[PDB]
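Structural characterization, general
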Amino acid sequence: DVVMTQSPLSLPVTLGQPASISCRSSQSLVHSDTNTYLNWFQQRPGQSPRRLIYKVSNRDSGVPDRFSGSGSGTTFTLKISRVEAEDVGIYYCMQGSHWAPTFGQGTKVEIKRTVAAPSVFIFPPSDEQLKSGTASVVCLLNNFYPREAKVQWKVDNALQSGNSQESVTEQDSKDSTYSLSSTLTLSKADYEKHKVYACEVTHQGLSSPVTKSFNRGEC
Amino acid sequence: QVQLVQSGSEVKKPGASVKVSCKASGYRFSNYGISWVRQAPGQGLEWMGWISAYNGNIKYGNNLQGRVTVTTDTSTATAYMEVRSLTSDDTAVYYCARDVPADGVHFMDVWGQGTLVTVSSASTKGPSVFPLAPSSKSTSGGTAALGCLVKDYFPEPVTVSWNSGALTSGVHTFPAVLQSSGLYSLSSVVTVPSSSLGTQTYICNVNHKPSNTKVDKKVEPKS
């Protein structure tokens, strides 16, 4: 069957700058009816694919003019004349001309945006979880860019190691910023051993590292 | 109004079978085919099969053992896909898409929302929802952040809504993290006006379809 080779796997673009995604094919997509048949689909996170282009260059209903298709034979390209924040997602090329319809690997398109500093929040463990025998302390870095941010846990001012996990949201489809949750998980005994719990955040948007802390007794 | 609606999440034991559904609206169902595509989590799209209510014609990409069977009921405009003798490698999201009625070019112009099928020998586990209460430590002037922590659930997914869907603006539900226990955990947070902490109600609607778990947790401030 036809092998769709898509390049690149990841494509970071600045707002208002063009984007170019190439799709090569093992066999020519020119069909016997003399029309070339290549589709382009867009998959936003958690959603199903949405068809943007059919027949190499034809835009589907509701597809902005910024998306453009072109190509011939084995080599095709999707272009975004000016990339907007709502263009986050994975892009697939598909051929339906041959017996087994085949897709490309997919291209993740990331947005490059102006620096925005995180808003840092800290949530102490709830009392139910403490009753359960575990303590999860949550540090939330909200609405920042770039993705790169250092979060360090300190318990009684001793830097922590190996007991926390990070999760990053998808790049926001409107302001192109990220959010990050660092969760420090301990047993209730380890939690009661100390009193001061703090998360220290370093980011390009912050002139100096920001620390948020609480005392185990109050809040 | 051309629309394809698929069934909910599914978890099955190795060896069992699953039958995803796909109900069509907005077009004459008998004039179109249906293509089924598999997307393994984090992987690319893989075409599985095609079935035409117009012809009765069926195509399968790779099915020498007869484990997959695509069917249709034209009377109720519904396509089905059935997978038998399930394996952990069958864990994936399955899509149906409207497709060509005869042997032309497949277009797959409209897709369904998808159906996550998970295969594990382990028991399904319900999540523990704990409040991330808003406080002075979670406030930066005029905005306050609050949330809930959905902890120790298997398998995926959990859907988190706020106030039964009435609060969606500013909601960040984080992707799940794999814990040492093999159970999943995530947090869902939302930023609201701090002046409205006294007058507004914020409730977590945590829904875990595989465990039939529906938890509502009210998040209230702490001083």
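Residues numbered from 1 in each chain as written, not as in the entry; some residues may be left out. Chains lettered and ligands numbered in written order. Heavy atoms only, no water.

Quick look at the overall build of chain A now. Scanning chain A from N- to C-terminus turns up two helices and 19 strands. With respect to the principal axes defined by its C-alpha atoms, chain A has extents near 75 × 35 × 30 Å. Relative to its 219 residues, chain A shows a buried fraction of 46%. Across chain A, the fraction of contacts at a sequence separation of at least 24, relative to all contacts at a separation of at least 6, is 57%. (Helix = DSSP H or I, 4+ residues; strand = E, 2+ residues; numbered from the N terminus. Buried < 20%, exposed > 50% of the residue type's maximum accessible area, 1.4 Å probe, protein only. Contact = heavy atoms within 4.5 Å.)

Turning our attention to the overall build of chain B. Scanning chain B for helices and strands turns up zero helices and 19 strands. Reported as C-alpha extents along the three principal axes, the dimensions of chain B are approximately 65 × 40 × 30 Å. Burial statistics for chain B: of 223 residues in total, 47% are counted as buried. For chain B, the proportion of contacts with a sequence separation of at least 24, taken over those separated by at least 6, is 61%. Taken as two groups, the 18 positive and 13 negative side-chain charges of chain B have centres that lie 7 Å from each other. (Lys, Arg positive; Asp, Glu negative; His and termini not counted. Charge placed at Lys NZ, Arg CZ, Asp CG, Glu CD.)

All names here are of chain B. Overall, mixed pairing links the six strands, which are arranged β2-β10-β9-β4-β5-β6 in an open sheet. With one partner strand each, in any of the chains shown, β2 (10–12) and β6 (58–60) form the two edges of the open sheet. When the angles between neighbouring strand axes are averaged without regard to direction, this sheet yields 25°. Pairing of β2 with strand β10 (residues 115–119) involves three bridges; the strand directions are parallel. Looking at β10, one finds that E10 is bridged to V117. (Pairing = 2+ DSSP bridges. Axes fitted to C-alpha atoms, helices over the stretch in contact; angles between N-to-C directions.)

So, about the state of the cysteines. Applying the stated rule across the entire model yields four disulfides over all chains. The disulfide that involves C23 of chain A links it to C93 of chain A, with 2.0 Å between the sulfurs. One quick way to see it: the torsion about the S-S bond of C23 of chain A and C93 of chain A is about 80°, and its sign makes the bridge right-handed. Of this pair, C23 of chain A sits in strand β3 (residues 19–25) while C93 of chain A is found in strand β9 (residues 89–95), placing the two residues 70 residues apart along the sequence. For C23 of chain A, a relative accessible area of 0% gives the class buried. By relative accessible area, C93 of chain A is classed as buried at 0%. Residue pairing for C22 of chain B: its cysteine sulfur links by disulfide to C96 of chain B, the two sulfurs lying 2.0 Å apart. On the sign convention where negative is left-handed, the bridge of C22 of chain B and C96 of chain B, at about 85° about the S-S bond, is right-handed. Taken as a pair, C22 of chain B in strand β3 (residues 18–25) and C96 of chain B in strand β9 (residues 92–99) lie far apart in primary sequence, 74 residues in all. Residue classification places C96 of chain B among the buried positions, given a relative accessible area of 0%. In chain B, the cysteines engaged in disulfides, taken in order along the sequence, are linked 1-2, 3-4. (Disulfide = S-S within 2.5 Å.)

All names here are of chain A. Each domain of chain A was delimited in the assignment, giving domain 1 (4–112) and domain 2 (119–215). Of note, the centres of domain 1 and domain 2, computed from C-alpha atoms alone, are 38 Å apart. Between domain 1 and domain 2, the contact holds nine residues from the first and eight residues from the second. Roughly 680 Å² of surface becomes buried between domain 1 and domain 2 when both sides are summed, with 50% attributable to carbon and sulfur atoms. For domain 1, the biggest contributors to the area lost against domain 2 are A85, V88 and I111; these three give 49% of the whole. Put simply, domain 1 and domain 2 have three residue pairs in polar contact between them. Looking at the side of domain 1 that touches domain 2 residue by residue, the class counts come to five nonpolar, no polar and four charged. (Domains from an automatic or database assignment. Buried area = accessible area lost by both parts, 1.4 Å probe. Polar contact = N/O pair within 3.5 Å; in protein donor to acceptor, adjacent residues only side chain to side chain. Nonpolar A, V, L, I, M, F, W, Y, C, P; charged D, E, K, R; others polar.)

In this chain, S7 of chain A is followed by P8 of chain A through a cis amide linkage whose omega measures -5°. With respect to the helices and strands, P8 of chain A occurs in the loop between β1 (4–7) and β2 (10–14). In this model, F154 of chain B is joined to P155 of chain B through a cis peptide bond whose omega is -10°. Here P155 of chain B is to be found in the loop between β13 (143–153) and β14 (158–162). We note that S176 of chain A has phi near 60°; this positive angle belongs to a residue other than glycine.

Residue and element names in this part refer to chain A. Burial of the side chains of β2 is restricted to one face: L11 and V13 are buried, whereas none of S10, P12 and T14 on the reverse face is. Both β2 and strand β11 (residues 107–112) contribute to a ladder of five bridges, which runs parallel. For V13, the partnering residue across the bridge sits in β11 and is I111.

Next up on the list: the interface of chain A and chain B. Across the contact, 46 residues belong to chain A and 44 residues belong to chain B. With both chains or domains summed, chain A and chain B bury close to 3,700 Å², and 64% of this area falls on carbon and sulfur atoms. Taken as a group, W99, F103 and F123 of chain A account for 16% of the area that chain A buries against chain B, more than any other trio of residues on that side. Scanning the region where chain A abuts chain B turns up zero salt bridges. The interface formed by chain A and chain B contains eight residue pairs in polar contact. Counting residues per element, the ones that place at least two in the side of chain A that touches chain B are β4 (39–43), β9, β12 (119–123), α1 (127–132), β13 (134–144), β16 (164–168), β17 (178–187) and β19 (210–215) of chain A. With six residues, β13 of chain A is the largest single contributor of residues to the side of chain A that touches chain B. The class makeup of the residues in the side of chain A that touches chain B is 20 nonpolar, 21 polar and five charged. (Salt bridge = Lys/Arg side-chain N within 4 Å of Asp/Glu carboxyl O.)

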